[PDB]
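Student:
Number of protein chains: 4
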Amino acid sequence: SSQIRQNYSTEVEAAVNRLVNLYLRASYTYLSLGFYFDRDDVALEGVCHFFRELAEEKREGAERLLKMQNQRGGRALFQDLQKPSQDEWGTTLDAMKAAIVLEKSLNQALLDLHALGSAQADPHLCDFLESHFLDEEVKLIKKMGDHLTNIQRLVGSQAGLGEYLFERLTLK
Amino acid sequence: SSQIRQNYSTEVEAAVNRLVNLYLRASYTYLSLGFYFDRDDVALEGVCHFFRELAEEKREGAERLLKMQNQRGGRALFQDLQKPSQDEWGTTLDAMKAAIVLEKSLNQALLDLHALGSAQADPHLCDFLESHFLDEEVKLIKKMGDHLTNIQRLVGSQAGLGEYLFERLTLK
Amino acid sequence: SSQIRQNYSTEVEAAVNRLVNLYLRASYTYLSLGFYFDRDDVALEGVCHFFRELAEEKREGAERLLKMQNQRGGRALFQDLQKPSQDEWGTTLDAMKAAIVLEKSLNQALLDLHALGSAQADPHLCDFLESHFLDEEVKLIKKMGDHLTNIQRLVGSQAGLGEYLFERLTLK
Amino acid sequence: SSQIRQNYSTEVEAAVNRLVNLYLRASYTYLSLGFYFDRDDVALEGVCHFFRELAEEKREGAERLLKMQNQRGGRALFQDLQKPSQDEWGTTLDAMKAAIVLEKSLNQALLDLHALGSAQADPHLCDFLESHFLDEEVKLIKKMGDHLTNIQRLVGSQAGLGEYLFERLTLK
Ligand SMILES: [Cl-]
Ligand SMILES: [Cl-]
Ligand SMILES: [Cl-]
Ligand SMILES: [Cl-]
Ligand code: NA
Ligand code: NA
Ligand code: NA
Ligand code: NA
Ligand code: NA
Ligand code: NA
Ligand code: NA
Ligand code: NA
Ligand code: NA
Ligand code: NA
Ligand code: NA
Ligand code: NA
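Residue numbers (the deposited numbering), protein chains in the order written: chain A, 1 to 172; chain B, 1 to 172; chain X, 1 to 172; chain V, 1 to 172.
#1: Tell me whether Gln82/X counts as near ligand 5, meaning its Cβ is closer than 7 Å to at least one heavy atom of that ligand.
#2: Are the beta-carbon atoms belonging to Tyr23/B and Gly73/B less than 8 Å from one another?
#3: Can a CB atom of chain A be found closer than 8 Å to the CB of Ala115/V?
#4: For ligand 2, which residues count as neighbours when the test is a C-beta closer than 5 Å to any heavy atom?
#5: Taking C-beta pairs closer than 8 Å, name the residues in chain A that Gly145/B reaches, listed in chain order.
#6: Only counting the same chain, and skipping five residues up and downstream in sequence, which positions put a Cβ closer than 8 Å to that of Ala159/A?
#7: Using a Cβ-based criterion (distance less than 7 Å to any ligand heavy atom), does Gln108/V qualify as near ligand 5?
#8: Once DSSP output is grouped into helix, strand and coil, what is the label at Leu81/X?
#9: Can you tell me whether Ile4/A is helix, strand or coil according to DSSP?
#10: Quick check: does the Cβ of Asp87/A come within less than 7 Å of any heavy atom belonging to ligand 9?
#11: Flag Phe50/V as yes when its Cβ comes closer than 7 Å to any non-hydrogen atom of ligand 16, and as no otherwise.
#12: At a CB-CB cut-off below 8 Å, which residues of chain B make contact with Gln158/A?
#13: Whose C-beta lies closer than 8 Å to the C-beta of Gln3/A among residues of the same chain, with five residues either side of it excluded?
#14: Leaving aside the five residues before and after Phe37/B along the sequence, list all residues of the same chain whose C-beta is less than 7 Å from its C-beta, in chain order.
#15: What are the residues in the stretch 96 to 114 of chain A lying within 7 Å of chain V by C-beta distance?
#16: For chain A, check one thing: does any of its Cβ atoms lie closer than 8 Å to the Cβ of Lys58/V?
#17: In chain order, what residues of the same chain have a beta carbon less than 6 Å from the beta carbon of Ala62/A, not counting five sequence neighbours either side?
#18: Just the Cα atoms here: how many angstroms apart are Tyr30/B and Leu134/B?
#19: Can you list the residues of chain X that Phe78/A reaches, using a CB-CB cut of under 8 Å?
#20: Buried or exposed, going by whether 16 or more other CB atoms sit within 10 Å of the CB of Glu137/X?
#21: Evaluate contact between the stretch 63 to 70 of chain X and the stretch 94 to 109 of chain X, counting only Cβ atoms and requiring at least three cross-stretch pairs below 8 Å.
#22: Interface residues of chain X around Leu154/V at Cβ under 8 Å?
#23: What residue range does the alpha helix (DSSP H) around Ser157/V cover?
#24: Between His124/X and chain B, is any beta-carbon pair separated by less than 8 Å?
#25: Quick one: Cα of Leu161/A to Cα of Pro123/B, how far?
#26: Around the Cβ of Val101/V, are there at least 16 other Cβ atoms within 10 angstroms (buried) or fewer (exposed)?
#27: Quick one: is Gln6/A near chain X, going by C-beta distance under 8 Å?
#28: Check whether the stretch 106 to 114 of chain X touches the stretch 9 to 19 of chain X, taking contact to mean three or more Cβ pairs, one atom from each stretch, closer than 8 Å.
#29: Can you tell me where the alpha helix (DSSP H) with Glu13/X in it begins and where it stops?
#30: Ignore the nearest five residues each way along the sequence and tell me which others in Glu167/A's own chain have a CB closer than 6 Å to its CB.
#31: Does any residue of chain X have a CB that is nearer than 8 Å to the CB of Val16/B?
#32: Does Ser9/X have its Cβ less than 8 Å from a Cβ in chain B?
#33: Identify the contact partners of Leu66/X in chain C, using a Cβ-Cβ distance below 9 Å as the criterion.
#34: Kindly list the residues whose CB is nearer than 8 Å to the CB of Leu129/A, restricted to its own chain and excluding five residues on each side of it in sequence; keep chain order.
#35: Following a CB-centred definition, is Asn17/V positioned closer than 7 Å to any heavy atom of ligand 14?
Written out as structure tokens, the structure reads:
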């Protein structure tokens with residue numbers, strides 16, 4: 001094992017590889033969400049932009065995890081990336097619900113890795129997750145909750161008009 | 001025939017003259033659409049601007065075809081320009097449907113000329129159409145499809161209010 | 001099928017989805033190559049940068065194909081992404097050989113799609129591939145051939161020293 | 001004891017004094033390494049600069065620990081500083097191996113203090129170490145591992161030439 005590796009368990013090394021797979025799967029789900037909203041029969045440019053930006057954020061998350069794996073002397077192992085759960089994502093409301101479920105799953109994977117690091121007494125891992133992931137995930141989930149509330153308030157009223165207004169006046 | 005003319009069939013020369021007529025007819029249709037939306041009893045400035053800009057694009061298309069006709073040593077022949085199909089264009093939805101039908105007809109005329117150029121082994125014509133027309137037409141048809149979807153989503157909800165919002169928040 | 005779709009075969013639509021999968025698989029292979037070269041026991045920063053930049057290029061290729069799919073009124077369909085062919089990539093020479101084999105496979109997939117577009121008389125597809133893919137692929141394969149020649153000239157001489165010099169004086 | 005001291009154990013206070021001694025000992029070792037590489041019969045300016053910069057980093061580490069000791073109301077106690085382990089440091093490879101062993105020892109002292117802070121429920125200490133020391137130490141050890149790999153690849157090939165090239169083309 002590495003000349004540099006110190007206090008870095010095989011359990012954390014494997015969990016980090018699994019977390020990379022989860023973040024790349026999430027990036028791929030957001031790519032599908034973004035292009036769905038660019039369809040000529042869906043055509044919500046602000047929604048497409050919101051999800052394409054999240055695809056980039058999740059890929060950057062995966063890349064940060066891979067850099068950290070190499071800095072600790074672990075070995076990156078890539079697995080197949082499962083396709084997204086849907087081919088078509090319904091309304092803006094349906095899509096934002098699917099996104100908040102996906103973010104909560106990433107959050108729970110972060111909290112599980114944090115607990116593993118704590119059990120393995122790995123403060124560099126705990127610091128890394130706290131610094132680069134946990135606060136960003138909480139902020140993103142809160143933003144998605146705010147969006148869900150605003151979408152629901154609008155499409156209860158008058159569904160097509162409310163989806164247009166949310167895209168025009170909240171998203172860009 | 002020209003001192004410059006080389007590999008330029010009489011079939012392509014005639015089809016180019018017909019395509020100029022189609023583009024000028026389209027420019028004239030967009031002029032009528034634009035001024036309809038400027039009527040005091042229609043009054044959708046963003047819609048008028050959208051169609052007036054397309055009138056200019058179609059005239060520029062015709063002018064590019066005429067320049068190319070002279071560059072190849074063909075002879076421009078102008079015919080009567082038929083008036084537009086309607087005097088009044090209904091709602092924004094009606095108008096955008098009429099526009100996408102007109103763009104699909106220009107697209108099919110481009111594809112027909114491309115096929116003629118291919119049959120006549122005229123790669124300069126094929127390159128000209130690919131470079132200046134085919135991609136612009138696909139992009140425009142996609143934009144009109146996106147508009148149709150957004151208009152339909154809005155005027156299903158509440159017709160007059162939805163037409164106002166589309167003009168204010170999408171068009172300018 | 002789409003309000004916008006015109007002259008866009010189901011055969012091309014499916015081949016475009018397959019080509020997106022190939023480009024995303026290639027992006028993933030380049031991500032693995034890049035992080036392999038960042039390992040503390042490999043440590044060739046210029047090589048890691050070369051492959052990470054190609055990971056971004058291949059993802060941008062996939063995104064361009066998806067935009068084009070929507071512009072033509074086709075429907076993006078995502079499949080599972082197969083993991084890369086290796087977990088460890090050997091020397092710079094081994095890696096550059098694996099990269100040129102992967103680029104030739106993408107090139108052959110582009111040429112196959114071009115031939116399908118030609119058989120289906122789809123000049124917009126032929127133009128799209130010629131404009132955004134075919135010349136970039138030829139230029140990249142030539143650059144990789146130049147690299148392979150320089151690496152082979154260096155590591156024939158004195159393997160570790162030659163790999164260091166190539167990374168320091170050609171790559172960045 | 002201090003008017004300001006709160007939740008700051010005598011065990012942590014003593015361990016912080018010991019850690020200051022370790023960091024100043026490391027600074028002194030890097031001073032000796034730097035001046036060894038400036039000898040007219042060694043003469044590797046980039047290597048001398050690398051170690052002199054680390055001498056400054058380790059002294060800054062000690063100074064940060066002393067500031068923190070006073071901020072918590074502990075009392076700085078200075079002990080004799082042991083001379084470095086060698087008077088002459090051999091090749092660049094020998095020196096970089098000695099440096100990575102010294103950094104791993106500082107890292108293990110940081111992890112031991114983190115574990116003590118955790119046992120004493122001292123989150124300010126845990127935060128201080130995570131913020132200013134743990135990530136810097138991991139990044140430095142990874143950089144030294146990368147250097148060791150590159151030096152070994154070069155001096156396996158042709159020892160004197162490889163040491164020159166590493167100094168000229170990696171270090172400055
Ligand atoms: Cl372990
Ligand atoms: Cl002829
Ligand atoms: Cl078909
Ligand atoms: Cl105490
Ligand atoms: Na370890
Ligand atoms: Na769980
Ligand atoms: Na937002
Ligand atoms: Na001719
Ligand atoms: Na026809
Ligand atoms: Na527009
Ligand atoms: Na079609
Ligand atoms: Na083939
Ligand atoms: Na290059
Ligand atoms: Na205390
Ligand atoms: Na210990
Ligand atoms: Na350095």
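Where a beta carbon is used, it is the ideal one built from N, C-alpha and C, also for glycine.
Tutor: In this structure, then:
#1: For the purposes of this step, residue 82/X is taken as the residue at position 82 of the third sequence. No.
#2: Residue 23/B sits at position 23 when you count from the first residue of the second sequence. Residue 73/B sits at position 73 when you count from the first residue of the second sequence. Against a cut-off of 8 Å, the Cβ pair of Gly73/B and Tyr23/B comes out as no contact.
#3: On the fourth sequence, position 115 is the one that residue 115/V refers to. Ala115/V counts as touching chain A.
#4: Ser9/B, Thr10/B
#5: Taking the second sequence and counting its residues from 1, the one referred to as residue 145/B is at position 145. Residues of chain A passing the Cβ test: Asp40, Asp41, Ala43.
#6: By one-based count along the first sequence, residue 159/A stands at place 159. For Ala159/A, where only same-chain residues beyond five positions count, the Cβ hits under 8 Å are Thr91.
#7: To locate residue 108/V, count along the fourth sequence from 1; it is residue 108. Answer for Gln108/V: no, Cβ out of range of ligand 5.
#8: Counting from one through the third sequence, the residue named residue 81/X turns up at place 81. In the structure shown, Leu81/X sits in a strand (DSSP, three-state: E or B).
#9: Taking the first residue of the first sequence as 1, we reach residue 4/A at position 4. Coil at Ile4/A, not helix or strand.
#10: Taking the first sequence and counting its residues from 1, the one referred to as residue 87/A is at position 87. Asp87/A Cβ: outside cutoff for every heavy atom of ligand 9.
#11: Taking the fourth sequence and counting its residues from 1, the one referred to as residue 50/V is at position 50. True, at least one ligand heavy atom lies under 7 Å from that Cβ.
#12: Here residue 158/A is taken as the residue at index 158 of the first sequence, counted from 1. By Cβ distance, chain B contributes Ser157, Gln158.
#13: For the purposes of this step, residue 3/A is identified with residue 3 of the first sequence, where counting begins at 1. Cβ neighbours of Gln3/A beyond the five flanking positions: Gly73.
#14: As a first step, residue 37/B must be located in the second sequence, where it is residue number 37. Taken in chain order, the residues that qualify are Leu44, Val47, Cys48, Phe51.
#15: none
#16: Taking the first residue of the fourth sequence as 1, we reach residue 58/V at position 58. No, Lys58/V does not count as interfacial toward chain A.
#17: Stepping through the first sequence from its first residue, residue 62/A is reached at position 62. Excluding positions up to five away in sequence, the list reads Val20, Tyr23, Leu24.
#18: Taking the second sequence and counting its residues from 1, the one referred to as residue 30/B is at position 30. Taking the second sequence and counting its residues from 1, the one referred to as residue 134/B is at position 134. Approximately 20 Å between the Cα atoms of the pair.
#19: Your numbering for residue 78/A matches position 78 in the first sequence. Those within 8 Å of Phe78/A in chain X are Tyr28, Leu31, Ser32, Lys83, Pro84, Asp87.
#20: Mapped onto the third sequence, residue 137/X falls at position 137. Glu137/X comes out buried.
#21: no
#22: As a position in the fourth sequence, residue 154/V is number 154, starting the count at 1. Those are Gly160, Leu161, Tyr164, listed as they occur along chain X.
#23: Working through the fourth sequence from its first residue, we reach residue 157/V at position 157. That run of the alpha helix (DSSP H) goes 135 to 157.
#24: Mapped onto the third sequence, residue 124/X falls at position 124. Chain B, which has a Cβ nearer than 8 Å to the Cβ of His124/X, makes this yes.
#25: By 1-based counting over the first sequence, the position of residue 161/A is 161. By 1-based counting over the second sequence, the position of residue 123/B is 123. Whole-angstrom Cα-Cα distance: 48 Å.
#26: As a first step, residue 101/V must be located in the fourth sequence, where it is residue number 101. With fewer than 16 other Cβ atoms within 10 Å, it is exposed.
#27: Taking the first sequence and counting its residues from 1, one reaches residue 6/A at position 6. It does not: the Cβ of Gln6/A has no partner Cβ on chain X nearer than 8 Å.
#28: yes
#29: Position 13 of the third sequence holds residue 13/X. It spans 10 to 37 - the alpha helix (DSSP H) in which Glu13/X sits, taken as one unbroken run.
#30: For the purposes of this step, residue 167/A is taken as the residue at position 167 of the first sequence. Result list for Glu167/A: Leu44, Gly46, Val47, in chain order.
#31: Looking up residue 16/B in the second sequence gives position 16. No, because no Cβ of chain X sits closer than 8 Å to the Cβ of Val16/B.
#32: As a position in the third sequence, residue 9/X is number 9, starting the count at 1. Output row for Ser9/X: interface = no.
#33: Protein chains A, B, X and V are contained in the structure displayed, whereas chain C is not.
#34: Residue numbering aside, residue 129/A sits at position 129 when the first sequence is read from its first letter. Cβ within range, chain order: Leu110, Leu113, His114, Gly117.
#35: Residue numbering aside, residue 17/V sits at position 17 when the fourth sequence is read from its first letter. Answer for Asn17/V: no, Cβ out of range of ligand 14.
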